[PDB]
file query_28.txt (compact mmCIF, N, CA and C atoms)
# COMPACT_ATOMS: atom_id res chain seq x y z
N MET A 1 -97.30 -2.98 -36.45
CA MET A 1 -96.12 -3.67 -37.07
C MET A 1 -96.47 -5.03 -37.65
N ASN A 2 -96.17 -5.20 -38.93
CA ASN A 2 -96.26 -6.52 -39.53
C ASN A 2 -95.11 -7.38 -39.06
N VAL A 3 -95.40 -8.67 -38.90
CA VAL A 3 -94.44 -9.63 -38.37
C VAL A 3 -94.02 -10.55 -39.49
N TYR A 4 -92.71 -10.56 -39.74
CA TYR A 4 -92.09 -11.40 -40.74
C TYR A 4 -91.41 -12.55 -40.07
N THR A 5 -91.90 -13.76 -40.34
CA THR A 5 -91.50 -14.94 -39.59
C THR A 5 -90.55 -15.80 -40.42
N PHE A 6 -89.47 -16.22 -39.78
CA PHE A 6 -88.50 -17.15 -40.32
C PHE A 6 -88.56 -18.42 -39.49
N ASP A 7 -88.97 -19.49 -40.15
CA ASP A 7 -89.12 -20.78 -39.53
C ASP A 7 -87.87 -21.58 -39.86
N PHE A 8 -87.07 -21.85 -38.85
CA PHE A 8 -85.78 -22.49 -39.12
C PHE A 8 -85.85 -23.96 -39.53
N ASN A 9 -87.02 -24.58 -39.44
CA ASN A 9 -87.19 -25.87 -40.09
C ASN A 9 -86.94 -25.85 -41.60
N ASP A 10 -87.15 -24.69 -42.22
CA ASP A 10 -86.90 -24.53 -43.64
C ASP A 10 -85.48 -24.08 -43.98
N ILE A 11 -84.63 -23.93 -42.97
CA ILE A 11 -83.28 -23.39 -43.11
C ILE A 11 -82.28 -24.42 -42.58
N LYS A 12 -81.46 -25.01 -43.45
CA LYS A 12 -80.50 -26.04 -42.99
C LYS A 12 -79.10 -25.54 -42.74
N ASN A 13 -78.83 -24.30 -43.14
CA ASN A 13 -77.56 -23.67 -42.85
C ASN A 13 -77.71 -22.16 -42.91
N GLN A 14 -76.71 -21.46 -42.39
CA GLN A 14 -76.81 -20.02 -42.33
C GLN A 14 -77.00 -19.40 -43.73
N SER A 15 -76.38 -19.99 -44.75
CA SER A 15 -76.54 -19.51 -46.12
C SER A 15 -77.99 -19.57 -46.66
N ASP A 16 -78.73 -20.61 -46.25
CA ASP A 16 -80.16 -20.76 -46.57
C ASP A 16 -80.92 -19.58 -45.99
N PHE A 17 -80.48 -19.06 -44.84
CA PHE A 17 -81.15 -17.92 -44.25
C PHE A 17 -81.10 -16.69 -45.19
N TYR A 18 -79.95 -16.45 -45.81
CA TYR A 18 -79.85 -15.29 -46.70
C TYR A 18 -80.84 -15.41 -47.88
N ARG A 19 -80.98 -16.63 -48.43
CA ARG A 19 -81.99 -16.87 -49.48
C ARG A 19 -83.41 -16.64 -48.96
N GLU A 20 -83.72 -17.17 -47.79
CA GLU A 20 -85.04 -16.97 -47.19
C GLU A 20 -85.31 -15.48 -46.97
N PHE A 21 -84.28 -14.76 -46.52
CA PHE A 21 -84.41 -13.33 -46.27
C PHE A 21 -84.73 -12.56 -47.55
N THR A 22 -83.95 -12.79 -48.62
CA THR A 22 -84.22 -12.05 -49.84
C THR A 22 -85.56 -12.44 -50.47
N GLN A 23 -85.94 -13.72 -50.37
CA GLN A 23 -87.23 -14.16 -50.89
C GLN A 23 -88.39 -13.56 -50.08
N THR A 24 -88.27 -13.60 -48.76
CA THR A 24 -89.31 -13.08 -47.88
C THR A 24 -89.55 -11.61 -48.14
N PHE A 25 -88.46 -10.84 -48.26
CA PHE A 25 -88.52 -9.39 -48.41
C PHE A 25 -88.57 -8.88 -49.86
N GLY A 26 -88.65 -9.78 -50.86
CA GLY A 26 -88.81 -9.33 -52.24
C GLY A 26 -87.56 -8.61 -52.76
N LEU A 27 -86.37 -9.06 -52.33
CA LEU A 27 -85.11 -8.50 -52.72
C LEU A 27 -84.43 -9.37 -53.77
N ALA A 28 -83.57 -8.75 -54.61
CA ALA A 28 -82.74 -9.51 -55.54
C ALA A 28 -81.86 -10.44 -54.75
N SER A 29 -81.60 -11.63 -55.29
CA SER A 29 -80.78 -12.65 -54.61
C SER A 29 -79.41 -12.12 -54.19
N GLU A 30 -78.81 -11.31 -55.05
CA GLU A 30 -77.49 -10.75 -54.78
C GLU A 30 -77.48 -9.68 -53.71
N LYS A 31 -78.65 -9.26 -53.22
CA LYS A 31 -78.68 -8.21 -52.21
C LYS A 31 -78.07 -8.67 -50.88
N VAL A 32 -78.24 -9.94 -50.53
CA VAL A 32 -77.72 -10.47 -49.27
C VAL A 32 -77.09 -11.85 -49.48
N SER A 33 -75.83 -11.98 -49.09
CA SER A 33 -75.12 -13.26 -49.25
C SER A 33 -74.14 -13.57 -48.14
N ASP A 34 -74.07 -12.70 -47.13
CA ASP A 34 -73.15 -12.86 -46.01
C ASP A 34 -73.59 -11.88 -44.91
N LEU A 35 -72.86 -11.82 -43.79
CA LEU A 35 -73.29 -11.00 -42.67
C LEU A 35 -73.18 -9.51 -42.98
N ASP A 36 -72.11 -9.11 -43.68
CA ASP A 36 -71.92 -7.68 -43.97
C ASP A 36 -73.02 -7.17 -44.89
N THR A 37 -73.38 -7.97 -45.91
CA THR A 37 -74.45 -7.55 -46.81
C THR A 37 -75.83 -7.62 -46.13
N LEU A 38 -76.02 -8.58 -45.24
CA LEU A 38 -77.23 -8.58 -44.42
C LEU A 38 -77.36 -7.32 -43.59
N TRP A 39 -76.28 -6.95 -42.90
CA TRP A 39 -76.27 -5.69 -42.13
C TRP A 39 -76.58 -4.50 -43.02
N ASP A 40 -75.92 -4.43 -44.18
CA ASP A 40 -76.18 -3.32 -45.07
C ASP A 40 -77.66 -3.26 -45.48
N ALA A 41 -78.27 -4.41 -45.81
CA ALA A 41 -79.67 -4.41 -46.16
C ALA A 41 -80.55 -3.88 -45.05
N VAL A 42 -80.30 -4.33 -43.84
CA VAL A 42 -81.16 -3.98 -42.73
C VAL A 42 -80.98 -2.49 -42.39
N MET A 43 -79.82 -1.91 -42.72
CA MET A 43 -79.52 -0.49 -42.48
C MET A 43 -79.83 0.49 -43.59
N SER A 44 -80.22 0.00 -44.76
CA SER A 44 -80.30 0.80 -45.98
C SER A 44 -81.69 1.25 -46.32
N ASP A 45 -82.64 1.12 -45.41
CA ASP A 45 -84.01 1.66 -45.73
C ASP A 45 -84.67 1.02 -46.98
N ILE A 46 -84.40 -0.26 -47.23
CA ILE A 46 -85.06 -1.05 -48.30
C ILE A 46 -86.11 -2.02 -47.74
N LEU A 47 -86.11 -2.30 -46.45
CA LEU A 47 -87.13 -3.18 -45.84
C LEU A 47 -88.35 -2.34 -45.54
N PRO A 48 -89.53 -2.98 -45.37
CA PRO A 48 -90.78 -2.24 -45.18
C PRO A 48 -90.93 -1.78 -43.71
N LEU A 49 -90.00 -0.92 -43.28
CA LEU A 49 -89.99 -0.41 -41.90
C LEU A 49 -91.17 0.54 -41.65
N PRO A 50 -91.71 0.54 -40.42
CA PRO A 50 -91.32 -0.28 -39.28
C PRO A 50 -91.87 -1.70 -39.40
N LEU A 51 -91.18 -2.66 -38.80
CA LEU A 51 -91.55 -4.07 -38.90
C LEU A 51 -90.96 -4.87 -37.74
N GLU A 52 -91.50 -6.07 -37.54
CA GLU A 52 -90.93 -7.04 -36.62
C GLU A 52 -90.45 -8.26 -37.41
N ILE A 53 -89.31 -8.78 -36.99
CA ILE A 53 -88.79 -10.06 -37.46
C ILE A 53 -88.85 -11.02 -36.31
N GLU A 54 -89.39 -12.21 -36.56
CA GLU A 54 -89.46 -13.25 -35.56
C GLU A 54 -88.79 -14.52 -36.11
N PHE A 55 -88.00 -15.16 -35.25
CA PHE A 55 -87.43 -16.48 -35.55
C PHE A 55 -88.19 -17.51 -34.75
N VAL A 56 -88.69 -18.54 -35.41
CA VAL A 56 -89.36 -19.64 -34.74
C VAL A 56 -88.65 -20.95 -35.05
N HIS A 57 -88.92 -21.93 -34.21
CA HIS A 57 -88.39 -23.27 -34.37
C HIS A 57 -86.89 -23.28 -34.42
N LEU A 58 -86.31 -22.73 -33.36
CA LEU A 58 -84.88 -22.66 -33.17
C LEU A 58 -84.50 -23.42 -31.91
N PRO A 59 -84.21 -24.72 -32.05
CA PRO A 59 -83.59 -25.49 -30.95
C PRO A 59 -82.35 -24.82 -30.42
N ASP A 60 -82.02 -25.03 -29.14
CA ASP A 60 -80.78 -24.48 -28.57
C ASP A 60 -79.56 -24.67 -29.45
N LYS A 61 -79.38 -25.87 -29.96
CA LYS A 61 -78.23 -26.20 -30.79
C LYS A 61 -78.14 -25.24 -31.98
N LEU A 62 -79.28 -24.97 -32.59
CA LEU A 62 -79.34 -24.14 -33.78
C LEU A 62 -79.32 -22.65 -33.48
N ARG A 63 -79.86 -22.24 -32.34
CA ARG A 63 -79.69 -20.86 -31.86
C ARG A 63 -78.20 -20.56 -31.71
N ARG A 64 -77.45 -21.50 -31.11
CA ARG A 64 -76.00 -21.40 -31.01
C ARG A 64 -75.37 -21.30 -32.38
N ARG A 65 -75.70 -22.24 -33.26
CA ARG A 65 -75.08 -22.32 -34.58
C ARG A 65 -75.27 -21.01 -35.33
N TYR A 66 -76.48 -20.45 -35.25
CA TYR A 66 -76.86 -19.26 -35.95
C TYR A 66 -76.76 -18.00 -35.09
N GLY A 67 -75.91 -18.04 -34.07
CA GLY A 67 -75.82 -16.94 -33.12
C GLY A 67 -75.39 -15.63 -33.76
N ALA A 68 -74.62 -15.68 -34.86
CA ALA A 68 -74.25 -14.44 -35.52
C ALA A 68 -75.46 -13.73 -36.12
N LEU A 69 -76.45 -14.49 -36.60
CA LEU A 69 -77.67 -13.86 -37.13
C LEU A 69 -78.44 -13.21 -36.00
N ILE A 70 -78.51 -13.91 -34.86
CA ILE A 70 -79.25 -13.40 -33.73
C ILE A 70 -78.63 -12.08 -33.24
N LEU A 71 -77.32 -12.09 -33.01
CA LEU A 71 -76.64 -10.87 -32.55
C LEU A 71 -76.78 -9.74 -33.56
N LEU A 72 -76.75 -10.05 -34.86
CA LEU A 72 -76.89 -9.02 -35.88
C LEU A 72 -78.26 -8.35 -35.78
N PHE A 73 -79.33 -9.14 -35.66
CA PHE A 73 -80.65 -8.53 -35.53
C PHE A 73 -80.87 -7.83 -34.19
N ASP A 74 -80.22 -8.31 -33.12
CA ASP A 74 -80.26 -7.58 -31.85
C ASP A 74 -79.62 -6.19 -32.04
N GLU A 75 -78.47 -6.15 -32.70
CA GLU A 75 -77.80 -4.87 -32.95
C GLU A 75 -78.58 -3.97 -33.88
N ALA A 76 -79.23 -4.56 -34.91
CA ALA A 76 -80.08 -3.78 -35.78
C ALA A 76 -81.24 -3.16 -35.02
N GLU A 77 -81.84 -3.93 -34.12
CA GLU A 77 -82.90 -3.40 -33.29
C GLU A 77 -82.41 -2.19 -32.50
N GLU A 78 -81.23 -2.30 -31.91
CA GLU A 78 -80.67 -1.17 -31.16
C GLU A 78 -80.42 0.05 -32.04
N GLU A 79 -79.78 -0.18 -33.17
CA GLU A 79 -79.43 0.91 -34.07
C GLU A 79 -80.65 1.62 -34.67
N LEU A 80 -81.71 0.86 -34.96
CA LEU A 80 -82.89 1.40 -35.62
C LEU A 80 -83.91 2.03 -34.68
N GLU A 81 -83.60 2.05 -33.38
CA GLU A 81 -84.29 2.87 -32.41
C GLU A 81 -85.77 2.59 -32.30
N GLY A 82 -86.16 1.33 -32.47
CA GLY A 82 -87.55 0.94 -32.35
C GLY A 82 -88.22 0.64 -33.67
N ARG A 83 -87.65 1.08 -34.79
CA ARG A 83 -88.31 0.82 -36.10
C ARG A 83 -88.25 -0.63 -36.53
N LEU A 84 -87.23 -1.34 -36.07
CA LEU A 84 -87.19 -2.77 -36.23
C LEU A 84 -87.30 -3.42 -34.86
N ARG A 85 -88.19 -4.40 -34.74
CA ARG A 85 -88.29 -5.25 -33.56
C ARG A 85 -87.80 -6.65 -33.93
N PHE A 86 -87.04 -7.29 -33.05
CA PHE A 86 -86.54 -8.64 -33.33
C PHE A 86 -86.79 -9.54 -32.13
N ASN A 87 -87.41 -10.70 -32.36
CA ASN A 87 -87.56 -11.68 -31.30
C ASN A 87 -87.32 -13.09 -31.76
N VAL A 88 -86.66 -13.86 -30.91
CA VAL A 88 -86.56 -15.29 -31.09
C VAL A 88 -87.63 -15.86 -30.20
N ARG A 89 -88.55 -16.65 -30.78
CA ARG A 89 -89.64 -17.22 -29.97
C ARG A 89 -89.19 -18.51 -29.31
N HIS A 90 -89.28 -18.58 -27.97
CA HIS A 90 -88.99 -19.79 -27.15
C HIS A 90 -87.52 -20.23 -27.07
call {"tool": "encode", "arguments": {"input": "query_28.txt", "output": "structure tokens"}}
result
Amino acid sequence: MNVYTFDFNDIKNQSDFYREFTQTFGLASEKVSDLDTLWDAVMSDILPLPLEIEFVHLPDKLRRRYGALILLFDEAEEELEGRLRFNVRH
């Protein structure tokens, strides 16, 4: 599994994450712009599955702030039955 890393030092708000996601994964900007479209992307067989996503540099405060992203990737991991791995480091 290749590991795709999101460093939250480069992300100042949840909306920046959607830009980082589409840039990282080589997707059109309009592919992801909110939680529902993020879910659809992760479920639509357009990512280079199987793969791991890792979040780094997430202080407690920011893990809380971005908790909807975390729960979404936890649920994606469950739904995808092992094809997607998700971890928050530290």
call {"tool": "residues_around", "arguments": {"input": "query_28.txt", "residues": "residue 11 of chain A", "least_positions_apart": "4", "cutoff": "12 Å", "atoms": "only C-alpha atoms", "output": "MDAnalysis selection string"}}
result
chainID A and resid 6:7 15:21 55:58 62 65:66
call {"tool": "atom_distance", "arguments": {"input": "query_28.txt", "atom1": "atom CA of residue 27 of chain A", "atom2": "atom N of residue 64 of chain A"}}
result
26.4 Å
call {"tool": "atom_distance", "arguments": {"input": "query_28.txt", "atom1": "atom C of residue 71 of chain A", "atom2": "atom N of residue 86 of chain A"}}
result
10.6 Å
call {"tool": "residues_near_point", "arguments": {"input": "query_28.txt", "point": "(-84.7, -12.7, -37.9)", "cutoff": "8 Å", "atoms": "only C-alpha atoms", "output": "mmCIF file with N, CA and C atoms, in the frame of the given file"}}
result
data_model
loop_
_atom_site.group_PDB
_atom_site.id
_atom_site.type_symbol
_atom_site.label_atom_id
_atom_site.label_comp_id
_atom_site.auth_asym_id
_atom_site.auth_seq_id
_atom_site.Cartn_x
_atom_site.Cartn_y
_atom_site.Cartn_z
ATOM 1 N N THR A 5 -91.900 -13.760 -40.340
ATOM 2 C CA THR A 5 -91.500 -14.940 -39.590
ATOM 3 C C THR A 5 -90.550 -15.800 -40.420
ATOM 4 N N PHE A 6 -89.470 -16.220 -39.780
ATOM 5 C CA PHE A 6 -88.500 -17.150 -40.320
ATOM 6 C C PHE A 6 -88.560 -18.420 -39.490
ATOM 7 N N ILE A 53 -89.310 -8.780 -36.990
ATOM 8 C CA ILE A 53 -88.790 -10.060 -37.460
ATOM 9 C C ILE A 53 -88.850 -11.020 -36.310
ATOM 10 N N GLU A 54 -89.390 -12.210 -36.560
ATOM 11 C CA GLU A 54 -89.460 -13.250 -35.560
ATOM 12 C C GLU A 54 -88.790 -14.520 -36.110
ATOM 13 N N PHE A 55 -88.000 -15.160 -35.250
ATOM 14 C CA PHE A 55 -87.430 -16.480 -35.550
ATOM 15 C C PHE A 55 -88.190 -17.510 -34.750
ATOM 16 N N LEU A 69 -76.450 -14.490 -36.600
ATOM 17 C CA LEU A 69 -77.670 -13.860 -37.130
ATOM 18 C C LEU A 69 -78.440 -13.210 -36.000
ATOM 19 N N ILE A 70 -78.510 -13.910 -34.860
ATOM 20 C CA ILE A 70 -79.250 -13.400 -33.730
ATOM 21 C C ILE A 70 -78.630 -12.080 -33.240
ATOM 22 N N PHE A 73 -79.330 -9.140 -35.660
ATOM 23 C CA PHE A 73 -80.650 -8.530 -35.530
ATOM 24 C C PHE A 73 -80.870 -7.830 -34.190
ATOM 25 N N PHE A 86 -87.040 -7.290 -33.050
ATOM 26 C CA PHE A 86 -86.540 -8.640 -33.330
ATOM 27 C C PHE A 86 -86.790 -9.540 -32.130
ATOM 28 N N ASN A 87 -87.410 -10.700 -32.360
ATOM 29 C CA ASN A 87 -87.560 -11.680 -31.300
ATOM 30 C C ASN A 87 -87.320 -13.090 -31.760
ATOM 31 N N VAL A 88 -86.660 -13.860 -30.910
ATOM 32 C CA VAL A 88 -86.560 -15.290 -31.090
ATOM 33 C C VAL A 88 -87.630 -15.860 -30.200
#
call {"tool": "atom_distance", "arguments": {"input": "query_28.txt", "atom1": "atom CA of residue 67 of chain A", "atom2": "atom N of residue 39 of chain A"}}
result
14.0 Å
call {"tool": "closest_residue", "arguments": {"input": "query_28.txt", "among": "A:52, A:75, A:34, A:45", "to": "residue 4 of chain A", "atoms": "only C-alpha atoms"}}
result
A:52
call {"tool": "closest_residue", "arguments": {"input": "query_28.txt", "among": "A:48, A:8, A:89, A:37", "to": "residue 25 of chain A", "atoms": "only N, CA and C atoms"}}
result
A:48
call {"tool": "closest_residue", "arguments": {"input": "query_28.txt", "among": "A:76, A:68, A:3, A:84", "to": "residue 35 of chain A", "atoms": "all atoms listed in the file"}}
result
A:68
call {"tool": "select_by_dssp", "arguments": {"input": "query_28.txt", "residues": "chain A", "states": "strand (DSSP E or B)", "output": "list in words"}}
result
residues 2, 3, 4, 5, 6, 7, 51, 52, 53, 54, 55, 56, 84, 85, 86, 87 and 88 of chain A
call {"tool": "write_last_selection", "arguments": {"input": "query_28.txt", "atoms": "N, CA and C atoms", "output": "PDB file, in the coordinates of the input"}}
result
ATOM      1  N   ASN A   2     -96.170  -5.200 -38.930  1.00  0.00           N
ATOM      2  CA  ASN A   2     -96.260  -6.520 -39.530  1.00  0.00           C
ATOM      3  C   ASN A   2     -95.110  -7.380 -39.060  1.00  0.00           C
ATOM      4  N   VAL A   3     -95.400  -8.670 -38.900  1.00  0.00           N
ATOM      5  CA  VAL A   3     -94.440  -9.630 -38.370  1.00  0.00           C
ATOM      6  C   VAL A   3     -94.020 -10.550 -39.490  1.00  0.00           C
ATOM      7  N   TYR A   4     -92.710 -10.560 -39.740  1.00  0.00           N
ATOM      8  CA  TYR A   4     -92.090 -11.400 -40.740  1.00  0.00           C
ATOM      9  C   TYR A   4     -91.410 -12.550 -40.070  1.00  0.00           C
ATOM     10  N   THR A   5     -91.900 -13.760 -40.340  1.00  0.00           N
ATOM     11  CA  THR A   5     -91.500 -14.940 -39.590  1.00  0.00           C
ATOM     12  C   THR A   5     -90.550 -15.800 -40.420  1.00  0.00           C
ATOM     13  N   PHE A   6     -89.470 -16.220 -39.780  1.00  0.00           N
ATOM     14  CA  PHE A   6     -88.500 -17.150 -40.320  1.00  0.00           C
ATOM     15  C   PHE A   6     -88.560 -18.420 -39.490  1.00  0.00           C
ATOM     16  N   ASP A   7     -88.970 -19.490 -40.150  1.00  0.00           N
ATOM     17  CA  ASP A   7     -89.120 -20.780 -39.530  1.00  0.00           C
ATOM     18  C   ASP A   7     -87.870 -21.580 -39.860  1.00  0.00           C
ATOM     19  N   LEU A  51     -91.180  -2.660 -38.800  1.00  0.00           N
ATOM     20  CA  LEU A  51     -91.550  -4.070 -38.900  1.00  0.00           C
ATOM     21  C   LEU A  51     -90.960  -4.870 -37.740  1.00  0.00           C
ATOM     22  N   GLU A  52     -91.500  -6.070 -37.540  1.00  0.00           N
ATOM     23  CA  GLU A  52     -90.930  -7.040 -36.620  1.00  0.00           C
ATOM     24  C   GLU A  52     -90.450  -8.260 -37.410  1.00  0.00           C
ATOM     25  N   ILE A  53     -89.310  -8.780 -36.990  1.00  0.00           N
ATOM     26  CA  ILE A  53     -88.790 -10.060 -37.460  1.00  0.00           C
ATOM     27  C   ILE A  53     -88.850 -11.020 -36.310  1.00  0.00           C
ATOM     28  N   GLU A  54     -89.390 -12.210 -36.560  1.00  0.00           N
ATOM     29  CA  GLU A  54     -89.460 -13.250 -35.560  1.00  0.00           C
ATOM     30  C   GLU A  54     -88.790 -14.520 -36.110  1.00  0.00           C
ATOM     31  N   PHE A  55     -88.000 -15.160 -35.250  1.00  0.00           N
ATOM     32  CA  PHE A  55     -87.430 -16.480 -35.550  1.00  0.00           C
ATOM     33  C   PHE A  55     -88.190 -17.510 -34.750  1.00  0.00           C
ATOM     34  N   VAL A  56     -88.690 -18.540 -35.410  1.00  0.00           N
ATOM     35  CA  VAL A  56     -89.360 -19.640 -34.740  1.00  0.00           C
ATOM     36  C   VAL A  56     -88.650 -20.950 -35.050  1.00  0.00           C
ATOM     37  N   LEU A  84     -87.230  -1.340 -36.070  1.00  0.00           N
ATOM     38  CA  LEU A  84     -87.190  -2.770 -36.230  1.00  0.00           C
ATOM     39  C   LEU A  84     -87.300  -3.420 -34.860  1.00  0.00           C
ATOM     40  N   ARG A  85     -88.190  -4.400 -34.740  1.00  0.00           N
ATOM     41  CA  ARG A  85     -88.290  -5.250 -33.560  1.00  0.00           C
ATOM     42  C   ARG A  85     -87.800  -6.650 -33.930  1.00  0.00           C
ATOM     43  N   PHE A  86     -87.040  -7.290 -33.050  1.00  0.00           N
ATOM     44  CA  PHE A  86     -86.540  -8.640 -33.330  1.00  0.00           C
ATOM     45  C   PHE A  86     -86.790  -9.540 -32.130  1.00  0.00           C
ATOM     46  N   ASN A  87     -87.410 -10.700 -32.360  1.00  0.00           N
ATOM     47  CA  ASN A  87     -87.560 -11.680 -31.300  1.00  0.00           C
ATOM     48  C   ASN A  87     -87.320 -13.090 -31.760  1.00  0.00           C
ATOM     49  N   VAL A  88     -86.660 -13.860 -30.910  1.00  0.00           N
ATOM     50  CA  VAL A  88     -86.560 -15.290 -31.090  1.00  0.00           C
ATOM     51  C   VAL A  88     -87.630 -15.860 -30.200  1.00  0.00           C
TER      52      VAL A  88
END
call {"tool": "closest_residue", "arguments": {"input": "query_28.txt", "among": "A:51, A:38, A:43, A:32", "to": "residue 2 of chain A", "atoms": "all atoms listed in the file"}}
result
A:51
call {"tool": "select_by_dssp", "arguments": {"input": "query_28.txt", "residues": "chain A", "states": "helix (DSSP H, G or I)", "output": "ChimeraX atom specification"}}
result
/A:8-10,14-24,29-31,35-43,60-65,67-79
call {"tool": "closest_residue", "arguments": {"input": "query_28.txt", "among": "A:9, A:1, A:46, A:74", "to": "residue 22 of chain A", "atoms": "only C-alpha atoms"}}
result
A:46
